[PDB]
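K.L.:
File follows, entry-v2.pdb with PDB, C-alpha atoms:
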```
ATOM      1  CA  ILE A 261     -59.062  17.246  -6.552
ATOM      2  CA  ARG A 262     -59.336  18.910  -9.963
ATOM      3  CA  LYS A 263     -58.523  22.310 -11.462
ATOM      4  CA  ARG A 264     -61.305  24.651 -12.088
ATOM      5  CA  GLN A 265     -59.913  25.884 -15.210
ATOM      6  CA  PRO A 266     -58.790  22.832 -16.742
ATOM      7  CA  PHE A 267     -57.550  23.687 -20.136
ATOM      8  CA  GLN A 268     -54.763  25.990 -18.966
ATOM      9  CA  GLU A 269     -52.041  23.502 -18.299
ATOM     10  CA  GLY A 270     -50.209  22.317 -15.324
ATOM     11  CA  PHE A 271     -51.483  21.376 -11.947
ATOM     12  CA  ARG A 272     -48.960  21.753  -9.292
ATOM     13  CA  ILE A 273     -49.693  22.518  -5.641
ATOM     14  CA  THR A 274     -47.051  23.650  -3.151
ATOM     15  CA  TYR A 275     -46.953  24.640   0.510
ATOM     16  CA  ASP A 276     -47.273  28.357  -0.215
ATOM     17  CA  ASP A 277     -50.405  27.624  -2.237
ATOM     18  CA  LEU A 278     -52.274  26.505   0.902
ATOM     19  CA  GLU A 279     -52.604  29.958   2.421
ATOM     20  CA  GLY A 280     -54.546  29.979   5.667
ATOM     21  CA  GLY A 281     -55.005  26.210   5.687
ATOM     22  CA  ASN A 282     -52.604  25.606   8.561
ATOM     23  CA  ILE A 283     -53.598  22.534  10.560
ATOM     24  CA  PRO A 284     -54.509  23.292  14.191
ATOM     25  CA  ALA A 285     -52.431  21.570  16.831
ATOM     26  CA  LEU A 286     -53.831  18.893  19.128
ATOM     27  CA  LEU A 287     -54.428  19.999  22.708
ATOM     28  CA  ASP A 288     -52.995  17.952  25.539
ATOM     29  CA  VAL A 289     -55.873  16.228  27.015
ATOM     30  CA  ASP A 290     -53.927  14.617  29.674
ATOM     31  CA  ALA A 291     -52.486  17.793  30.855
ATOM     32  CA  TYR A 292     -55.764  19.543  31.006
ATOM     33  CA  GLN A 293     -57.345  16.754  32.781
ATOM     34  CA  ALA A 294     -54.699  16.414  35.281
ATOM     35  CA  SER A 295     -54.570  19.958  36.073
ATOM     36  CA  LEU A 296     -58.170  20.271  36.632
ATOM     37  CA  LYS A 297     -58.366  17.163  38.708
ATOM     38  CA  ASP A 298     -55.590  18.035  41.122
ATOM     39  CA  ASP A 299     -56.869  21.544  41.331
ATOM     40  CA  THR A 300     -59.813  19.523  42.494
ATOM     41  CA  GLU A 301     -57.659  17.618  44.948
ATOM     42  CA  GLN A 302     -56.644  20.924  46.403
ATOM     43  CA  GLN A 374     -59.279  26.738  38.875
ATOM     44  CA  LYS A 375     -55.761  27.276  37.515
ATOM     45  CA  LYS A 376     -56.068  24.774  34.748
ATOM     46  CA  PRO A 377     -53.418  24.774  32.059
ATOM     47  CA  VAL A 378     -55.932  23.872  29.574
ATOM     48  CA  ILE A 379     -53.640  25.398  27.320
ATOM     49  CA  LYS A 380     -50.853  23.112  26.519
ATOM     50  CA  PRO A 381     -50.687  22.493  22.965
ATOM     51  CA  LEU A 382     -48.835  19.203  22.895
ATOM     52  CA  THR A 383     -45.436  19.341  21.304
ATOM     53  CA  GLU A 384     -44.317  15.844  20.506
ATOM     54  CA  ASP A 385     -45.793  12.391  20.241
ATOM     55  CA  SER A 386     -45.086   9.458  22.364
ATOM     56  CA  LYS A 387     -41.970   8.552  20.568
ATOM     57  CA  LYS A 388     -41.100  12.116  20.796
ATOM     58  CA  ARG A 389     -41.611  12.913  17.232
ATOM     59  CA  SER A 390     -42.296  16.586  16.800
ATOM     60  CA  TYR A 391     -45.483  18.029  15.466
ATOM     61  CA  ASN A 392     -43.519  20.878  13.905
ATOM     62  CA  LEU A 393     -45.451  23.702  15.522
ATOM     63  CA  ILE A 394     -45.068  27.146  13.982
ATOM     64  CA  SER A 395     -43.979  28.400  17.406
ATOM     65  CA  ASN A 396     -44.165  27.430  21.054
ATOM     66  CA  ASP A 397     -46.948  29.884  21.979
ATOM     67  CA  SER A 398     -49.187  29.237  18.962
ATOM     68  CA  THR A 399     -52.051  26.857  18.239
ATOM     69  CA  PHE A 400     -51.021  25.957  14.688
ATOM     70  CA  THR A 401     -48.531  23.532  13.186
ATOM     71  CA  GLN A 402     -46.491  23.828  10.022
ATOM     72  CA  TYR A 403     -48.686  21.056   8.618
ATOM     73  CA  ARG A 404     -51.260  22.297   6.109
ATOM     74  CA  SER A 405     -54.125  20.559   4.339
ATOM     75  CA  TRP A 406     -55.963  21.077   1.160
ATOM     76  CA  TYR A 407     -59.159  19.976   2.627
ATOM     77  CA  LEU A 408     -58.735  22.231   5.411
ATOM     78  CA  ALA A 409     -58.245  25.058   3.106
ATOM     79  CA  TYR A 410     -60.986  24.561   0.677
ATOM     80  CA  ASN A 411     -63.340  24.339   3.480
ATOM     81  CA  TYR A 412     -62.190  27.035   5.794
ATOM     82  CA  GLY A 413     -59.618  29.008   3.991
ATOM     83  CA  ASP A 414     -60.093  32.184   2.034
ATOM     84  CA  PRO A 415     -62.968  31.781  -0.451
ATOM     85  CA  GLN A 416     -61.491  34.549  -2.610
TER      86      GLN A 416
END
```
Step by step, read the file and then write its structure as structure tokens.

P.N.:
Amino acid sequence: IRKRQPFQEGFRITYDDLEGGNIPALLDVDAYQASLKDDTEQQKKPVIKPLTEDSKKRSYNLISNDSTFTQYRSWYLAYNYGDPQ
């Protein structure tokens, strides 16, 4: 990663600098699958279920419970999808 204007000094990048580059959460595959399949055993699939914690119950630090984004942010993500302006 380099700085487009290079001669002006300094190159520091902080969390606030990655506007709009918030990393999407990972959906709960198991949950979706299960739901659909037992609906099958009986529609009404809680696809939605962004997963909150990992196996060892380590949090993914979601921005909120009813959102699809985590407090994690990435530079790559931003340069590619963030605001071009």

K.L.:
Give me, please, the distance in Å between CA of residue 383 (chain A) and CA of residue 398 (chain A), quoted to one decimal.

P.N.:
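Answer for the CA of residue 383 (chain A) to CA of residue 398 (chain A) separation: 10.8 Å.
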
K.L.:
Have a look at CA of residue 275 (chain A) and CA of residue 409 (chain A) and let me know their distance in Å, one decimal.

P.N.:
11.6 Å

K.L.:
Which residues are close to residue 412 (chain A), i.e. within 9 Å by only C-alpha atoms, leaving aside same-chain residues fewer than 3 positions away? Reply as a ChimeraX atom specification.

P.N.:
/A:280-281,407-409,415

K.L.:
Given the choices A:382, A:261, A:393, A:283, which gets closest to residue 405 (chain A) if the distance is worked out from only C-alpha atoms?

P.N.:
A:283

K.L.:
Let me know the residues the PyMOL selection byres ((chain A and resi 287-291) around 7) catches in the file above, as a list in words.

P.N.:
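Written out, the selection comes to residues 285, 286, 292, 293, 294, 295, 380, 381 and 382 of chain A.
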
K.L.:
What does the distance between CA of residue 296 (chain A) and CA of residue 284 (chain A) come to in Å, to one decimal place?

P.N.:
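Between CA of residue 296 (chain A) and CA of residue 284 (chain A) the gap works out to 22.9 Å.
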